[PDB]
Amino acid sequence: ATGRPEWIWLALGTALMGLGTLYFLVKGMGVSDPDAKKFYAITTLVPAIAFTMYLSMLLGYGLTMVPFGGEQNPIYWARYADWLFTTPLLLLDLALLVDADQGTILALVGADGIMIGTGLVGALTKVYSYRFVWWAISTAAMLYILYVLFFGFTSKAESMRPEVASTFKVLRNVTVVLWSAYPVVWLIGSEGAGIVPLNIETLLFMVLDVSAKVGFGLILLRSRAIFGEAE
Ligand SMILES: CCCCCCCC/C=C/CCCCCCCC(=O)OC[C@H](O)CO
Ligand SMILES: CCCCCCCC/C=C\CCCCCCCC(=O)OC[C@H](O)CO
Ligand SMILES: CCCCCCCC/C=C\CCCCCCCC(=O)OC[C@H](O)CO
Ligand SMILES: CCCCCCCC/C=C\CCCCCCCC(=O)OC[C@H](O)CO
Ligand SMILES: CCCCCCCC/C=C\CCCCCCCC(=O)OC[C@H](O)CO
Ligand SMILES: *C\C=C(C)/C=C/C=C(C)/C=C/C1=C(C)CCCC1(C)C
């Protein structure tokens, strides 16, 4: 018996990420269109990275104890190593779908790195009140990203192939609804106010992670928008 009550959700998350990796890897076999190859490679790497980090949490490697509030608090730091590499890849899927300009992609990836990097600092900070200063900076970086996705990409997708505009609009709406939930769980969870216990928080993140990575990929890779217009 594992002593951590949240282990059942880490085990399920590891299995779904693994099955998602294998499904995408087999579906991509034989795809020869170079454009589709780009989206298969980016989208298959997302669950493959998350699989190794969920496994590290399940085995206890990606966990550490952070003193704050007079209590040793168990912080899963492996979540941020996961998100550092998977969240910019998800943004690249959207940016390449709309043929975004290079300067915009750099702005998105750079703000994404600030978002995850300050969230890591906030999770490891020992002065309790300062943890919410880093939460606020990270959340401001996210709001810059959400703005670009609505008032920068949407304007350009509408001037492209109808299948690209329709698929982008769906993946854009999914992204904004799912990404906006992460700061709320972090704030009321063990990393912040501590109102939700760690076992329920782990359940919430696992549902969000699978929907935002596997659910996101199932919508993208079944669409014709990833293929170049050909006869
Ligand atoms: C798509 C099909 C799948 C649908 C799945 C979506 C569900 C997402 C998970 C939700 C939160 C549930 C958390 C369980 C509630 C536990 C809270 C509780 O009862 O705590 C009691 C405490 O002892 C006294 O307050
Ligand atoms: C039980 C199963 C557990 C889950 C599996 C273990 C994951 C770790 C292993 C391998 C990395 C394999 C390669 C990952 C890179 C995939 C990129 C890709 O396939 O892109 C296709 C593109 O079209 C090509 O040009
Ligand atoms: C397109 C870009 C593709 C990017 C592909 C990158 C995927 C790498 C994945 C995983 C291993 C992560 C391991 C992180 C190493 C942490 C080890 C550490 O520093 O631990 C310190 C201390 O010993 C204990 O707390
Ligand atoms: C956590 C930090 C590490 C991970 C961060 C991920 C950043 C990935 C790199 C670059 C974006 C630079 C612009 C790349 C966009 C090029 C798309 C394009 O416009 O087409 C040109 C392309 O060469 C086809 O011809
Ligand atoms: C645009 C989409 C993304 C937006 C993301 C930003 C949303 C920030 C929301 C709320 C602050 C609410 C804070 C409430 C925390 C109070 C906890 C507390 O101290 O109360 C203890 C508890 O009530 C005793 O049981
Ligand atoms: C792999 C799945 C997704 C959708 C991951 C998204 C992560 C975030 C939106 C993280 C947000 C954070 C902020 C803005 C503030 C608290 C710390 C976080 C890093 C969790």
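Easy rule for this one: first residue shown is 1, then count along the chain.
Method reported for this entry: X-ray crystallography, 1.8 Å.
Each residue, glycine too, has its Cβ placed from N, Cα and C.
Annotation source Swiss-Prot lists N6-(retinylidene)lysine at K213, citing experimental evidence. The site 'Primary proton acceptor' annotation in Swiss-Prot covers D82 and rests on a curator's inference. Residues or ranges marked as topological domain 'Cytoplasmic' in Swiss-Prot (evidence: experimental evidence): 27-40, 94-104, 152-169. Feature annotation from Swiss-Prot assigns topological domain 'Extracellular' to 60-76, 125-131, 189-200. As annotated by Swiss-Prot, transmembrane segment applies to 7-26, 41-59, 77-93, 105-124, 132-151, 170-188, 201-220, with the evidence given as experimental evidence.
Here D82 (site 'Primary proton acceptor') is positioned 12 angstrom away from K213 (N6-(retinylidene)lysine), judged by their C-alpha atoms. Residues 39, 42-43, 45-46, 49-50, 53-54, 56-57, 61-64, 105, 108-109, 112-113, 115-117, 119-120, 123-124, 145, 171, 175, 205, 212-213, 216, 220 of the same chain lie 6+ residues outside the transmembrane segment (77-93) yet bring a C-beta within less than 8 angstroms of a C-beta in it. Contacts of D82 (site 'Primary proton acceptor') defined by a Cβ separation under 8 A and a same-chain sequence distance of 6+ are given as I49, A50, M53, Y54, in order along the sequence.
Cβ neighbour count for the residue listed as 'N6-(retinylidene)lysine' (all protein chains, 10 Å cutoff from its Cβ): 26. Same-chain residues lying 6+ beyond the ends of the topological domain 'Cytoplasmic' (27-40) with a Cβ under 8 Å from its Cβ atoms: 93, 96-97, 220-221, 226-228, 230. Distant neighbours of the topological domain 'Extracellular' (189-200): 5-6, 9, 69, 73-75, 122-123, 131-132, 135; these residues of the same chain sit at least 6 beyond its ends, with a Cβ under 8 Å from one of its Cβ atoms.
Residues 94-95, 97-100, 104, 219-220, 223-225, 229 of the same chain sit 6 or more residues outside the topological domain 'Cytoplasmic' (152-169) yet have a Cβ under 8 Å from a Cβ within it.
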